[PDB]
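Shown next: run_16.txt, given as compact mmCIF, N, CA and C atoms.
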```
# COMPACT_ATOMS: atom_id res chain seq x y z
N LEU A 1 4.71 -13.75 3.37
CA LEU A 1 4.40 -12.80 4.44
C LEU A 1 2.95 -12.35 4.35
N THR A 2 2.38 -12.00 5.50
CA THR A 2 0.99 -11.54 5.55
C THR A 2 0.91 -10.04 5.82
N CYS A 3 0.11 -9.35 5.02
CA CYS A 3 -0.06 -7.91 5.17
C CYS A 3 -1.51 -7.50 4.95
N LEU A 4 -1.93 -6.43 5.62
CA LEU A 4 -3.30 -5.94 5.50
C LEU A 4 -3.43 -4.98 4.33
N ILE A 5 -4.42 -5.22 3.48
CA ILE A 5 -4.65 -4.37 2.32
C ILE A 5 -6.13 -4.06 2.15
N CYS A 6 -6.43 -2.87 1.65
CA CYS A 6 -7.81 -2.45 1.44
C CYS A 6 -7.89 -0.98 1.06
N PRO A 7 -8.19 -0.71 -0.22
CA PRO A 7 -8.30 0.66 -0.74
C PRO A 7 -9.52 1.39 -0.19
N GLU A 8 -9.41 1.86 1.04
CA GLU A 8 -10.51 2.58 1.68
C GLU A 8 -10.02 3.32 2.93
N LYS A 9 -10.73 4.38 3.30
CA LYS A 9 -10.38 5.17 4.47
C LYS A 9 -10.21 4.28 5.70
N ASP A 10 -11.31 3.72 6.17
CA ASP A 10 -11.29 2.85 7.34
C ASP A 10 -11.62 1.41 6.95
N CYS A 11 -10.59 0.62 6.68
CA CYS A 11 -10.77 -0.77 6.29
C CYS A 11 -9.42 -1.44 6.01
N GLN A 12 -9.28 -2.68 6.47
CA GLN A 12 -8.04 -3.43 6.27
C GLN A 12 -8.30 -4.93 6.28
N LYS A 13 -7.98 -5.59 5.18
CA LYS A 13 -8.18 -7.03 5.06
C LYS A 13 -6.84 -7.76 4.94
N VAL A 14 -6.66 -8.80 5.75
CA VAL A 14 -5.43 -9.58 5.72
C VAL A 14 -5.20 -10.21 4.35
N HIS A 15 -3.95 -10.21 3.91
CA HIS A 15 -3.59 -10.78 2.62
C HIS A 15 -2.29 -11.56 2.70
N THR A 16 -2.07 -12.45 1.74
CA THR A 16 -0.86 -13.26 1.71
C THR A 16 -0.06 -13.01 0.44
N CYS A 17 1.11 -12.39 0.58
CA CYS A 17 1.96 -12.10 -0.56
C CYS A 17 2.89 -13.27 -0.86
N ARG A 18 2.31 -14.45 -1.01
CA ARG A 18 3.08 -15.66 -1.30
C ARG A 18 3.62 -15.62 -2.73
N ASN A 19 4.92 -15.38 -2.86
CA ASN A 19 5.56 -15.32 -4.17
C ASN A 19 7.03 -14.92 -4.05
N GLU A 20 7.65 -14.62 -5.18
CA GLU A 20 9.06 -14.23 -5.20
C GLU A 20 9.29 -13.02 -4.29
N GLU A 21 8.23 -12.24 -4.07
CA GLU A 21 8.32 -11.06 -3.23
C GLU A 21 8.47 -11.44 -1.76
N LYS A 22 8.42 -10.44 -0.88
CA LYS A 22 8.54 -10.68 0.55
C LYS A 22 7.87 -9.56 1.34
N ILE A 23 8.08 -8.32 0.92
CA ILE A 23 7.48 -7.17 1.58
C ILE A 23 6.26 -6.67 0.83
N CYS A 24 5.49 -5.80 1.47
CA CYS A 24 4.29 -5.24 0.86
C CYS A 24 4.34 -3.72 0.85
N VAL A 25 4.23 -3.14 -0.34
CA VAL A 25 4.26 -1.69 -0.49
C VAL A 25 2.90 -1.15 -0.90
N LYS A 26 2.57 0.05 -0.42
CA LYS A 26 1.30 0.68 -0.74
C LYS A 26 1.51 2.10 -1.27
N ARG A 27 0.72 2.47 -2.26
CA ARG A 27 0.82 3.80 -2.86
C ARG A 27 -0.56 4.38 -3.14
N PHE A 28 -0.81 5.59 -2.64
CA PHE A 28 -2.09 6.25 -2.83
C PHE A 28 -1.90 7.74 -3.10
N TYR A 29 -2.88 8.35 -3.76
CA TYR A 29 -2.82 9.77 -4.08
C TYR A 29 -4.01 10.51 -3.49
N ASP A 30 -3.75 11.70 -2.95
CA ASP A 30 -4.80 12.51 -2.35
C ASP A 30 -4.60 13.98 -2.69
N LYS A 31 -5.54 14.54 -3.45
CA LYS A 31 -5.47 15.94 -3.85
C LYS A 31 -6.86 16.57 -3.88
N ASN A 32 -6.92 17.85 -4.22
CA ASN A 32 -8.19 18.56 -4.28
C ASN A 32 -9.08 17.99 -5.38
N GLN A 33 -10.18 18.68 -5.67
CA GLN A 33 -11.11 18.24 -6.70
C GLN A 33 -11.62 16.84 -6.40
N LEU A 34 -11.81 16.54 -5.12
CA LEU A 34 -12.29 15.22 -4.70
C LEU A 34 -11.47 14.11 -5.35
N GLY A 35 -10.21 14.00 -4.96
CA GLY A 35 -9.34 12.98 -5.51
C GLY A 35 -8.73 12.09 -4.44
N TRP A 36 -8.95 10.79 -4.56
CA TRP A 36 -8.41 9.84 -3.59
C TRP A 36 -8.37 8.43 -4.18
N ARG A 37 -7.16 7.90 -4.35
CA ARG A 37 -6.98 6.56 -4.90
C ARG A 37 -5.84 5.84 -4.21
N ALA A 38 -6.05 4.56 -3.91
CA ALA A 38 -5.03 3.75 -3.24
C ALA A 38 -4.74 2.48 -4.03
N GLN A 39 -3.53 1.95 -3.86
CA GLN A 39 -3.13 0.73 -4.56
C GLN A 39 -1.91 0.10 -3.89
N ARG A 40 -2.02 -1.18 -3.57
CA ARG A 40 -0.92 -1.90 -2.93
C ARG A 40 -0.31 -2.93 -3.88
N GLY A 41 0.86 -3.45 -3.51
CA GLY A 41 1.52 -4.43 -4.35
C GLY A 41 2.68 -5.11 -3.63
N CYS A 42 2.85 -6.40 -3.89
CA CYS A 42 3.92 -7.16 -3.26
C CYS A 42 5.25 -6.94 -3.99
N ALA A 43 6.34 -6.96 -3.23
CA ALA A 43 7.67 -6.76 -3.80
C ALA A 43 8.76 -7.10 -2.78
N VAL A 44 10.00 -6.76 -3.12
CA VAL A 44 11.13 -7.03 -2.24
C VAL A 44 12.02 -5.80 -2.11
N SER A 45 11.49 -4.64 -2.49
CA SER A 45 12.23 -3.39 -2.42
C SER A 45 11.31 -2.23 -2.06
N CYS A 46 11.87 -1.22 -1.41
CA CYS A 46 11.11 -0.04 -1.01
C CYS A 46 11.61 1.21 -1.72
N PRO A 47 11.15 1.40 -2.97
CA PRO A 47 11.54 2.56 -3.78
C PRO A 47 10.96 3.87 -3.25
N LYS A 48 11.02 4.91 -4.07
CA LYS A 48 10.50 6.21 -3.69
C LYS A 48 9.41 6.67 -4.65
N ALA A 49 8.93 7.89 -4.46
CA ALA A 49 7.89 8.44 -5.32
C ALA A 49 7.86 9.97 -5.24
N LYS A 50 6.97 10.58 -6.01
CA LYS A 50 6.84 12.03 -6.03
C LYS A 50 6.48 12.56 -4.64
N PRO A 51 6.82 13.83 -4.39
CA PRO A 51 6.54 14.49 -3.10
C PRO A 51 5.06 14.75 -2.90
N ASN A 52 4.27 14.49 -3.94
CA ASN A 52 2.82 14.70 -3.87
C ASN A 52 2.11 13.42 -3.43
N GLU A 53 2.48 12.30 -4.06
CA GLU A 53 1.88 11.01 -3.73
C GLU A 53 2.41 10.48 -2.40
N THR A 54 1.83 9.38 -1.94
CA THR A 54 2.24 8.77 -0.68
C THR A 54 2.57 7.29 -0.87
N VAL A 55 3.73 6.89 -0.36
CA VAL A 55 4.17 5.50 -0.46
C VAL A 55 4.65 4.97 0.89
N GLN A 56 4.38 3.70 1.14
CA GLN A 56 4.78 3.07 2.40
C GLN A 56 4.79 1.55 2.26
N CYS A 57 5.89 0.93 2.68
CA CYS A 57 6.03 -0.52 2.61
C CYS A 57 6.37 -1.10 3.98
N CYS A 58 6.14 -2.40 4.14
CA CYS A 58 6.42 -3.08 5.40
C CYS A 58 7.08 -4.43 5.15
N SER A 59 8.01 -4.80 6.02
CA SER A 59 8.72 -6.07 5.89
C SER A 59 8.45 -6.96 7.10
N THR A 60 7.32 -6.74 7.76
CA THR A 60 6.95 -7.52 8.93
C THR A 60 5.53 -8.05 8.82
N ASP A 61 5.24 -9.13 9.54
CA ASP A 61 3.91 -9.74 9.52
C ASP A 61 2.89 -8.82 10.18
N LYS A 62 1.78 -8.59 9.49
CA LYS A 62 0.72 -7.73 10.01
C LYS A 62 1.22 -6.31 10.21
N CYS A 63 2.33 -5.98 9.56
CA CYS A 63 2.92 -4.65 9.67
C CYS A 63 2.26 -3.69 8.68
N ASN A 64 2.29 -4.05 7.40
CA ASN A 64 1.70 -3.22 6.36
C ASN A 64 0.27 -2.84 6.71
N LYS A 65 0.06 -1.57 7.06
CA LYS A 65 -1.26 -1.08 7.42
C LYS A 65 -2.28 -1.42 6.34
```
Give the structure from the file, written as structure tokens.
Amino acid sequence: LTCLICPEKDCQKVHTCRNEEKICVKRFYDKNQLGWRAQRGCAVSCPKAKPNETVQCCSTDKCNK
């Protein structure tokens, strides 16, 4: 499957998650004290996370923002 990935405010680069996985999940953190970090990863499940962090996965082509 193909998904857009790019750890940045305004930016998205197409990627290919060719492997045992199928969907693409993304996780980033945003807090005070000038804090902002993003990280994506291929998988086949959409787990959860803390109420502070942000997580989002997609199971469609060009879906994963």
Please list as a list in words every residue within 6.5 Å of region 47-62 of chain A, counting all atoms listed in the file and excluding residues in the same chain fewer than 6 positions away.
residues 1, 2, 3, 4, 22, 23, 24, 25, 26, 27, 28, 29 and 30 of chain A
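Put simply, CA of residue 12 (chain A) is 13.1 Å away from atom N of residue 38 (chain A).
Closest approach to residue 17 (chain A) among A:46, A:31, A:65, A:41 is made by A:41 (distances from only N, CA and C atoms).
Here CA of residue 13 (chain A) and CA of residue 34 (chain A) stand 24.6 Å from one another.
For the atom pair formed by CA of residue 19 (chain A) and atom N of residue 44 (chain A), the distance is 9.7 Å, given to one decimal.
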Shell around residue 8 (chain A) at 8 Å using only N, CA and C atoms, local window under 2 positions removed, as a PyMOL selection string:
chain A and resi 5-6+10-12+37-39
Strand (DSSP E) residues, from DSSP on the backbone, in chain A, as number ranges by chain:
A: 2-5, 13-16, 23-31, 35-43, 54-58
Residue rebuild result region 28-54 of chain A, N, CA, C and O atoms as a PDB file, in the coordinates of the input:
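Everything below was put into out00.pdb:
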```pdb
ATOM      1  N   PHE A  28      -0.810   5.590  -2.640  1.00  0.00           N
ATOM      2  CA  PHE A  28      -2.090   6.250  -2.830  1.00  0.00           C
ATOM      3  C   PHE A  28      -1.900   7.740  -3.100  1.00  0.00           C
ATOM      4  O   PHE A  28      -0.888   8.324  -2.720  1.00  0.00           O
ATOM      5  N   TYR A  29      -2.880   8.350  -3.760  1.00  0.00           N
ATOM      6  CA  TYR A  29      -2.820   9.770  -4.080  1.00  0.00           C
ATOM      7  C   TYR A  29      -4.010  10.510  -3.490  1.00  0.00           C
ATOM      8  O   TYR A  29      -5.143  10.025  -3.524  1.00  0.00           O
ATOM      9  N   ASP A  30      -3.750  11.700  -2.950  1.00  0.00           N
ATOM     10  CA  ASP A  30      -4.800  12.510  -2.350  1.00  0.00           C
ATOM     11  C   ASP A  30      -4.600  13.980  -2.690  1.00  0.00           C
ATOM     12  O   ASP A  30      -3.629  14.607  -2.265  1.00  0.00           O
ATOM     13  N   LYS A  31      -5.540  14.540  -3.450  1.00  0.00           N
ATOM     14  CA  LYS A  31      -5.470  15.940  -3.850  1.00  0.00           C
ATOM     15  C   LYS A  31      -6.860  16.570  -3.880  1.00  0.00           C
ATOM     16  O   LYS A  31      -7.856  15.899  -3.597  1.00  0.00           O
ATOM     17  N   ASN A  32      -6.920  17.850  -4.220  1.00  0.00           N
ATOM     18  CA  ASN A  32      -8.190  18.560  -4.280  1.00  0.00           C
ATOM     19  C   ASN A  32      -9.080  17.990  -5.380  1.00  0.00           C
ATOM     20  O   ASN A  32      -8.784  16.941  -5.951  1.00  0.00           O
ATOM     21  N   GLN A  33     -10.180  18.680  -5.670  1.00  0.00           N
ATOM     22  CA  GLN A  33     -11.110  18.240  -6.700  1.00  0.00           C
ATOM     23  C   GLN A  33     -11.620  16.840  -6.400  1.00  0.00           C
ATOM     24  O   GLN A  33     -11.844  16.041  -7.314  1.00  0.00           O
ATOM     25  N   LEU A  34     -11.810  16.540  -5.120  1.00  0.00           N
ATOM     26  CA  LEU A  34     -12.290  15.220  -4.700  1.00  0.00           C
ATOM     27  C   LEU A  34     -11.470  14.110  -5.350  1.00  0.00           C
ATOM     28  O   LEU A  34     -11.978  13.368  -6.195  1.00  0.00           O
ATOM     29  N   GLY A  35     -10.210  14.000  -4.960  1.00  0.00           N
ATOM     30  CA  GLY A  35      -9.340  12.980  -5.510  1.00  0.00           C
ATOM     31  C   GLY A  35      -8.730  12.090  -4.440  1.00  0.00           C
ATOM     32  O   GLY A  35      -8.079  12.585  -3.521  1.00  0.00           O
ATOM     33  N   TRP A  36      -8.950  10.790  -4.560  1.00  0.00           N
ATOM     34  CA  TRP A  36      -8.410   9.840  -3.590  1.00  0.00           C
ATOM     35  C   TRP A  36      -8.370   8.430  -4.180  1.00  0.00           C
ATOM     36  O   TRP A  36      -9.408   7.842  -4.487  1.00  0.00           O
ATOM     37  N   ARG A  37      -7.160   7.900  -4.350  1.00  0.00           N
ATOM     38  CA  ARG A  37      -6.980   6.560  -4.900  1.00  0.00           C
ATOM     39  C   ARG A  37      -5.840   5.840  -4.210  1.00  0.00           C
ATOM     40  O   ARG A  37      -4.784   6.418  -3.947  1.00  0.00           O
ATOM     41  N   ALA A  38      -6.050   4.560  -3.910  1.00  0.00           N
ATOM     42  CA  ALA A  38      -5.030   3.750  -3.240  1.00  0.00           C
ATOM     43  C   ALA A  38      -4.740   2.480  -4.030  1.00  0.00           C
ATOM     44  O   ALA A  38      -5.583   1.999  -4.788  1.00  0.00           O
ATOM     45  N   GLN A  39      -3.530   1.950  -3.860  1.00  0.00           N
ATOM     46  CA  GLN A  39      -3.130   0.730  -4.560  1.00  0.00           C
ATOM     47  C   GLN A  39      -1.910   0.100  -3.890  1.00  0.00           C
ATOM     48  O   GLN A  39      -0.896   0.767  -3.674  1.00  0.00           O
ATOM     49  N   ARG A  40      -2.020  -1.180  -3.570  1.00  0.00           N
ATOM     50  CA  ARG A  40      -0.920  -1.900  -2.930  1.00  0.00           C
ATOM     51  C   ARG A  40      -0.310  -2.930  -3.880  1.00  0.00           C
ATOM     52  O   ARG A  40      -0.888  -3.242  -4.921  1.00  0.00           O
ATOM     53  N   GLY A  41       0.860  -3.450  -3.510  1.00  0.00           N
ATOM     54  CA  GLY A  41       1.520  -4.430  -4.350  1.00  0.00           C
ATOM     55  C   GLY A  41       2.680  -5.110  -3.630  1.00  0.00           C
ATOM     56  O   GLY A  41       3.395  -4.474  -2.856  1.00  0.00           O
ATOM     57  N   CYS A  42       2.850  -6.400  -3.890  1.00  0.00           N
ATOM     58  CA  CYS A  42       3.920  -7.160  -3.260  1.00  0.00           C
ATOM     59  C   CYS A  42       5.250  -6.940  -3.990  1.00  0.00           C
ATOM     60  O   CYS A  42       5.279  -6.747  -5.202  1.00  0.00           O
ATOM     61  N   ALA A  43       6.340  -6.960  -3.230  1.00  0.00           N
ATOM     62  CA  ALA A  43       7.670  -6.760  -3.800  1.00  0.00           C
ATOM     63  C   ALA A  43       8.760  -7.100  -2.780  1.00  0.00           C
ATOM     64  O   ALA A  43       8.478  -7.641  -1.716  1.00  0.00           O
ATOM     65  N   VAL A  44      10.000  -6.760  -3.120  1.00  0.00           N
ATOM     66  CA  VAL A  44      11.130  -7.030  -2.240  1.00  0.00           C
ATOM     67  C   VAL A  44      12.020  -5.800  -2.110  1.00  0.00           C
ATOM     68  O   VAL A  44      13.165  -5.892  -1.670  1.00  0.00           O
ATOM     69  N   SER A  45      11.490  -4.640  -2.490  1.00  0.00           N
ATOM     70  CA  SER A  45      12.230  -3.390  -2.420  1.00  0.00           C
ATOM     71  C   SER A  45      11.310  -2.230  -2.060  1.00  0.00           C
ATOM     72  O   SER A  45      10.121  -2.245  -2.375  1.00  0.00           O
ATOM     73  N   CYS A  46      11.870  -1.220  -1.410  1.00  0.00           N
ATOM     74  CA  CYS A  46      11.110  -0.040  -1.010  1.00  0.00           C
ATOM     75  C   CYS A  46      11.610   1.210  -1.720  1.00  0.00           C
ATOM     76  O   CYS A  46      12.396   1.985  -1.180  1.00  0.00           O
ATOM     77  N   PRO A  47      11.150   1.400  -2.970  1.00  0.00           N
ATOM     78  CA  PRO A  47      11.540   2.560  -3.780  1.00  0.00           C
ATOM     79  C   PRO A  47      10.960   3.870  -3.250  1.00  0.00           C
ATOM     80  O   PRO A  47      10.464   3.925  -2.127  1.00  0.00           O
ATOM     81  N   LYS A  48      11.020   4.910  -4.070  1.00  0.00           N
ATOM     82  CA  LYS A  48      10.500   6.210  -3.690  1.00  0.00           C
ATOM     83  C   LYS A  48       9.410   6.670  -4.650  1.00  0.00           C
ATOM     84  O   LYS A  48       9.018   5.927  -5.554  1.00  0.00           O
ATOM     85  N   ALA A  49       8.930   7.890  -4.460  1.00  0.00           N
ATOM     86  CA  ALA A  49       7.890   8.440  -5.320  1.00  0.00           C
ATOM     87  C   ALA A  49       7.860   9.970  -5.240  1.00  0.00           C
ATOM     88  O   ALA A  49       8.632  10.573  -4.495  1.00  0.00           O
ATOM     89  N   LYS A  50       6.970  10.580  -6.010  1.00  0.00           N
ATOM     90  CA  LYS A  50       6.840  12.030  -6.030  1.00  0.00           C
ATOM     91  C   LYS A  50       6.480  12.560  -4.640  1.00  0.00           C
ATOM     92  O   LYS A  50       5.907  11.859  -3.810  1.00  0.00           O
ATOM     93  N   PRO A  51       6.820  13.830  -4.390  1.00  0.00           N
ATOM     94  CA  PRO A  51       6.540  14.490  -3.100  1.00  0.00           C
ATOM     95  C   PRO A  51       5.060  14.750  -2.900  1.00  0.00           C
ATOM     96  O   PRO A  51       4.633  15.162  -1.820  1.00  0.00           O
ATOM     97  N   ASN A  52       4.270  14.490  -3.940  1.00  0.00           N
ATOM     98  CA  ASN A  52       2.820  14.700  -3.870  1.00  0.00           C
ATOM     99  C   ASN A  52       2.110  13.420  -3.430  1.00  0.00           C
ATOM    100  O   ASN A  52       1.250  13.441  -2.559  1.00  0.00           O
ATOM    101  N   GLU A  53       2.480  12.300  -4.060  1.00  0.00           N
ATOM    102  CA  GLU A  53       1.880  11.010  -3.730  1.00  0.00           C
ATOM    103  C   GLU A  53       2.410  10.480  -2.400  1.00  0.00           C
ATOM    104  O   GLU A  53       3.311  11.065  -1.803  1.00  0.00           O
ATOM    105  N   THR A  54       1.830   9.380  -1.940  1.00  0.00           N
ATOM    106  CA  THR A  54       2.240   8.770  -0.680  1.00  0.00           C
ATOM    107  C   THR A  54       2.570   7.290  -0.870  1.00  0.00           C
ATOM    108  O   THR A  54       1.801   6.540  -1.457  1.00  0.00           O
TER     109      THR A  54
END
```
